[PDB]
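Listed below, chain by chain, are the residues.
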Amino acid sequence: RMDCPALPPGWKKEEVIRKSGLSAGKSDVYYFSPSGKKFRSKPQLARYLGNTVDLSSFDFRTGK
Amino acid sequence: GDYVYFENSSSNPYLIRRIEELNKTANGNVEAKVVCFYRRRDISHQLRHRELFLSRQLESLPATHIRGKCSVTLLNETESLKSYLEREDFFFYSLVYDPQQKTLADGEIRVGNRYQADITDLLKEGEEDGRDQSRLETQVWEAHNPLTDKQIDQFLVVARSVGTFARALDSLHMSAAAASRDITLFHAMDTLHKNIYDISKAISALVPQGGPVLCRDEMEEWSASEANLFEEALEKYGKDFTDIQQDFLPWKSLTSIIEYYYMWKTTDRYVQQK
Amino acid sequence: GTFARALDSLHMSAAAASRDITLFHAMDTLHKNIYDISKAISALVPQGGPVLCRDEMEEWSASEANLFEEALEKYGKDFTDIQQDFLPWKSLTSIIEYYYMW
Amino acid sequence: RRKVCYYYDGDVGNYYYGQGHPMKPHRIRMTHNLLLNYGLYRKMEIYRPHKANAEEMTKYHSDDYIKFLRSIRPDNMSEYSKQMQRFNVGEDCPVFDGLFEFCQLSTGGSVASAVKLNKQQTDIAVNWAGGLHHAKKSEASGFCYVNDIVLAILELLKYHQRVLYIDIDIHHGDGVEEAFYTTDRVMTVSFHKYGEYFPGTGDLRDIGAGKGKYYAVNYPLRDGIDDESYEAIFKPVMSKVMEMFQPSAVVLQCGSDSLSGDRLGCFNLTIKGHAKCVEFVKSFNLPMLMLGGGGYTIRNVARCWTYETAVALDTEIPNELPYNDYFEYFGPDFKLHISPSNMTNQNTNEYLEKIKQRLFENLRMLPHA
Ligand SMILES: O=P(O)(O)O[C@H]1[C@H](OP(=O)(O)O)[C@@H](OP(=O)(O)O)[C@H](OP(=O)(O)O)[C@@H](OP(=O)(O)O)[C@H]1OP(=O)(O)O
Ligand SMILES: [K+]
Ligand SMILES: [K+]
Ligand SMILES: [Zn+2]
């Protein structure tokens, strides 16, 4: 769980490698709120944050 | 091939169409087959007032629907139109629009003290810029040397040989390639310059006290198990190199992990491509 | 010398390059070049390419070496017959130099 | 044959913008390394640039913008977020470890070289790290944090009455433009894509203001421009520019995202065409300061600036890429040059000549005899 400096304080990003199946070796990216709530996509994260951040130019995968 | 103004049944501006075929039936009624020109709104500003898009929408309607003839020009011909010859009848197209899909061929500058730079005044013929050049740069290779290409080339071979013989003193081709990497060469070009391009003096530098010198880049320098750690951290955290350190290689400095990364991307045993 | 024989075992090549023949050649290269280090080093890398000095020990093929160990164990130290019958393409005096090194 | 000074700090390839980010400083290290193996390094004066301190960065920027940069880290990233938004540091300009170090090297290279040019002890000076042209006085923008170009130019003005700034980068050089928008001493010429593209500025009608009116030249362009089309509109315009603006020092930003097959760019230039511009400029025998800039297919960025360095040394190099640490990066081919794509050039002759003429008028407004 890495701090994501471009999100507000306490937000973290984690990348997880798939271990088996059709997409073995590909990864999934997750974000965690300061309380530890887990988010799995850009629109889910944007819905949660609302107007407190502008995510138009935010690259969900890299966190930049 | 002519362009026409059809009835707009809502009261609104005329619909524009290109005539593909003019047909008369047996009872002398005249009907026309027509490709639609779409208005920018209807295509569901850089768009001018008189923009029209050539669609793939084809319709057939009676000739009574035609209220007038028009010109839908190329973009260049519209822009070339003179002010007097500007008319209600002139339109233009520059885009083909698929009506079914929606497909289409394929910010301000500020003024003020808080935007512009204060312009630095030209120095007087007596005034001096006052800039200490040693605080700004330190030279690493002079281009006008008493040496010739051959001699530098030769020295580079020697710098490589020492390096291989160095790593023989604690795989032959491997050590030679290792010693032939750029870091060793760069170090060879500095050794020359530091020794004032004296070949004989510079060679002492390479073998200080009868012992050779080793230059190893992060690629070669890392342990087997560090290399291993890296391939686990990458395959697990992708290219997130701060977390790759924090969780996998925390004793290494970020910038060494970067340098390693790029060198590792050329690895032989590395095959992400197919 | 080691880098030379890397261009067509690491410790082996280094030891090979550390043998006396290479050293002697190094002391002549100096003297021929009037004890000019910078000039003498060119001699060692004539045109960007290094030089190889190999004594009869290192120079012989695997199969020549093999022949020698059969000829010795069979004719003892009779080096003219060892050549005549086993290594006739080699010169006697190279077989001697090899013997002692072997 | 002109004397060239090359500025490079080994650390610059190792600073990293962030996962998924297109700007990759490593491309300069790739160039550096080719230059050594193509034997060009040998032939020019190689300098390590000391770090530029806040002292000289504030010669243009805010005392509290640089202060912010000197201070900010990924540690205190959630503490500063207030100031982060005021200064544009985020979505496409990340914070990242070493950021301020990176700026110091890029700026040090450009400044040191400017001095070198003023001190009249070089003809050409090259700093591929530099060229970061979107930066503003009080905010970062388009991957640029410090505008090394402005600072460089500000030093040159100390000895040069008129400084010409040429910008090949596919993106409009609005940082260097805005900084000099109201002055007649510096003329900013820029050739770039326009229309649904960053930074949204630099159309035909962007001419300058005040004393700086008729001193900001721009050439807006659509997609797919050839070497042939580009050459045929660069030489005419630049010869007029020299003719009219009569400068005494040139600064050519050699942005490599105007090349074909760039990740962000959508132009169809080859290294050859791209370089023809550098060669044309060099021909005007003025103190010249080559900087880099954008470029996001780094294999080609490497190729380009390696080639363009040769051009400054007017020495030939083979298409055969020399072996190097990153040799394996260069495709199955391992060649220096790239060829153009089948991509369609939407810059019709009619559209280029309309603009050309408008610019020729603008340039005629300057004083001459
Ligand atoms: O290592 P990074 O700096 O993150 O860059 C890589 C790299 O691109 P470069 O080689 O130009 O640096 C990959 O190229 P290869 O390693 O495959 O040669 C590329 O993969 P593709 O060239 O196959 O696109 C990948 O892109 P992606 O992440 O989309 O796979 C991209 O990473 P970034 O996209 O994060 O820059
Ligand atoms: K530009
Ligand atoms: K201006
Ligand atoms: Zn750009």
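Numbers given for residues start from 1 on each chain and follow the written sequence, which can depart from the numbering in the entry; residues without coordinates are excluded. Note on labels: chains are lettered from A, ligands numbered from 1, in written order. Only a portion of a larger assembly is shown here, and every reported value applies to that portion alone. With hydrogens and water stripped out, all remaining heavy atoms of the structure feed into the side-chain values. Residues with missing side-chain atoms are left out of burial classes, side-chain pairs and their counts.

Method of structure determination, per the deposited record: cryo-EM was used for this entry, reaching 19.4 Å resolution.

(A) Here's a closer look at the coordination of the potassium ion (ligand 2). Residue and element names in this part refer to chain D. Distances from the potassium ion (ligand 2) to its protein donors, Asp 167 (O), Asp 167 (OD), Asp 169 (O), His 171 (O), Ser 190 (OG) and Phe 191 (O), fall within 2.5 to 3.2 Å. One can describe the site at the potassium ion (ligand 2) as irregular: its six donor atoms subtend angles covering 66 to 158 degrees at the metal. Donor residues binding the potassium ion (ligand 2) come from one chain and are separated in sequence as D-x1-D-x1-H-x18-S-F. A single burial state applies to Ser 190 and to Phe 191, both of which are buried. Water is not among the atoms examined, so metal sites may look incomplete; donors are the N, O and S atoms within 2.8 Å of the metal, or within 3.2 Å for Na, K and Ca. The geometry test gives tetrahedral to four donors whose angles all lie between 85 and 135 degrees, gives square planar to four donors and octahedral to six donors whose opposite members are over 155 degrees apart with all other angles between 65 and 115, and gives irregular to the rest. Here's how the labels work: a residue is buried when its accessible area is under 20% of the maximum for its type, exposed when over 50%, partly exposed in between, all with a 1.4 Å probe on protein chains only.

(B) Structural context of the sheet that holds strand β1 (residues 3-6) of chain B. Residue and element names in this part refer to chain B. Two strands pair under a simple rule: DSSP has to find at least two bridges between them. Helix and strand assignments come from DSSP, with helices taken as H or I runs of at least 4 residues and strands as E runs of at least 2, each series counted from the N terminus. Strand order in the open sheet formed by seven strands is β6-β5-β1-β2-β3-β4-β7, and the pairing between neighbours is mixed. Two strands in the sheet have a free side with no partner beyond their single neighbour: β6 (90-93) and β7 (96-97). Pairing between strand β3 (residues 30-38) and strand β4 (residues 53-62): seven bridges, direction antiparallel. Looking across to β4, one finds that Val 34 is bridged to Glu 59.

(C) Structural detail: the interface of chain D and chain B. In this complex, chain D contributes 64 residues to the contact, which on the side of chain B involves 59 residues. Listing elements by their share of the side of chain D that touches chain B, those giving two or more residues are α1 (26-37), β2 (45-49), α5 (99-118), α6 (148-156), α7 (174-179) and α11 (349-364) of chain D. Per-element tally for the side of chain D that touches chain B: the top contributor is α1 of chain D, with six residues. When strand β8 (residues 137-141) of chain B meets β2 of chain D, the two strands line up antiparallel, connected through four bridges. Working rule for contacts: check all heavy atoms of both residues, and any pair within 4.5 Å makes them a contact.

(D) Spotlight on the interface of chain A and chain D. Opposite the 15 residues of chain A that make contact, chain D presents twelve residues. Amino acid classes used here: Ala, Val, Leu, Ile, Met, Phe, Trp, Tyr, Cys and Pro are nonpolar; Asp, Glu, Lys and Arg are charged; the rest, including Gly, are polar. Along the lines of polarity and charge, the residues of the side of chain A that touches chain D split into six nonpolar, three polar and six charged.

(E) Region of the structure containing the packing of helix α7 (residues 224-237) of chain B against helix α9 (residues 254-264) of chain B. All names here are of chain B. Axis definition: a line fit to C-alpha positions, over the contact stretch in the case of helices; interaxial angles, taken between N-to-C directions, run 0 to 180 degrees. Their axes nearest at 12 Å, the elements α7 and α9 cross at an angle of 85 degrees. Accordingly, the angle class assigned to the pair α7 and α9 is roughly perpendicular. Facing α7, whose interface residues are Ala 227, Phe 230, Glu 231 and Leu 234, α9 presents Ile 257, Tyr 260, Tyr 261 and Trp 264. Looking at the contact of α7 with α9 residue by residue, the classes come out as seven nonpolar, no polar and one charged. Any angle that is under 35 degrees is reported as roughly parallel, and any over 145 degrees as roughly antiparallel; angles of 65 to 115 degrees are reported as roughly perpendicular and all others as oblique.

(F) Focus on helix α6 (residues 62-75) of chain C. Residues and elements named next belong to chain C. Working rule for helices: expected span equals 1.5 Å times residues minus one. The terminal C-alpha atoms of α6 lie 20 Å apart, and with 14 residues this matches the ideal 20 Å at 1.5 Å per residue to within 8%. Every buried residue of α6 is accounted for by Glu 64, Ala 65, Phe 68, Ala 71 and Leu 72. Within α6, the buried residues cover an arc of 125 degrees as seen down the axis, which keeps them to one side. With respect to the buried face of α6, the exposed residues turned more than 90 degrees away are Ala 62, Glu 73 and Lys 74. Structurally, α6 contributes buried residues whose contacts are with α7 (79-85) and α8 (92-101). Positioned one or two residues after α6, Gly 76 has a phi angle of 55 degrees, which is positive. Each C-beta atom gives one direction from the helix axis, and the arc is the one those directions make.

(G) Structural context of the side chain of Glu 259 of chain B. Within the fold, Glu 259 of chain B resides in helix α9. Polar contacts here mean pairs of N or O atoms no more than 3.5 Å apart (in protein, one a potential hydrogen donor and the other a potential acceptor; neighbouring residues in sequence count only if both atoms are side-chain atoms). Polar side-chain contacts of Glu 259 of chain B include one of 3.3 Å to the side chain of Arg 29 of chain D. Every residue in contact with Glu 259 of chain B, bar those within four places of it in the chain, is listed here: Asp 217 and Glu 218 of chain B together with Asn 14 and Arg 29 of chain D.

(H) Representation of unusual backbone geometry within the structure. Following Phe 198 of chain D, the chain continues into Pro 199 of chain D via a peptide bond in cis, with omega recorded as 5 degrees. Along the polypeptide, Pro 199 of chain D turns up in the loop between β5 (186-193) and β6 (216-221). Notably, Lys 102 of chain B is not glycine yet its phi reads approximately 110 degrees, a positive angle. Tracing the sequence through the fold places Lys 102 of chain B in the loop between β7 and β8. Overall, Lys 102 of chain B belongs to the exposed group, its relative accessible area being 61%. Unlike most non-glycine residues, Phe 143 of chain D shows phi in positive territory, near 70 degrees. Tracing the backbone through its elements, the reader meets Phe 143 of chain D in the loop between β3 (124-127) and α6. Residue classification places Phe 143 of chain D among the buried positions, given a relative accessible area of 10%.

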